[PDB]
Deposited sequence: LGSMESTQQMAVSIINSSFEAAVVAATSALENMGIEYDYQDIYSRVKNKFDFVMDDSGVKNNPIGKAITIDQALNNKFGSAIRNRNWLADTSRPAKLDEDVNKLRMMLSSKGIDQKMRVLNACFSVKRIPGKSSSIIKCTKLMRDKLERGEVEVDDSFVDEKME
């Protein structure tokens, strides 16, 4: 059930770009203090984005290539949606002022007070452990 791995990956290019745009738009207005309706900005972005990419062949084209690739190579559905959600959440957070340094460290470590002491306890989470099994700079 992985015989569409390339097409699934290729769609995240369109979908993640779309999500980036919604975030950019809603976030900018928000930073201006202007009140707005999420669905309204969401719909306007989709209207413009869909018209340009989905009517100029640049989605039918990318997908077509992805399909040509999957045939040559020839479930995976769940891990692809989650891949897309990771891009979305990161961007949503990024837009709010919680950059990468904050996200990486907060996700890689848990920190505790330590009661009758003037120090903190740091522990690696599963994400940090996997990085070690891969690569962390000494």
Quick one: where does the model skip the deposited sequence?
1, 76-89, 154-164
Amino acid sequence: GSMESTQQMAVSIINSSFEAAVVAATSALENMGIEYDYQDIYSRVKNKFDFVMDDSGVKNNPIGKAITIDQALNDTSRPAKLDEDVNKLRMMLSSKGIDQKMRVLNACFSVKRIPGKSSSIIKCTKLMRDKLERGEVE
From here on, numbers count along this sequence of modelled residues.
Mean Cα B-factor comparison, 106-114 or 65-73, giving the higher one as deposited
106-114
Comparing 3-11 with 128-136, which stretch shows the greater average C-alpha B-factor in the deposited entry?
128-136
Residue of maximum C-alpha B factor among 88, 78, 44, 59, per deposited coordinates:
78
Tell me, please, which of 52, 34, 98, 82 has the highest C-alpha B factor according to the deposited entry?
34
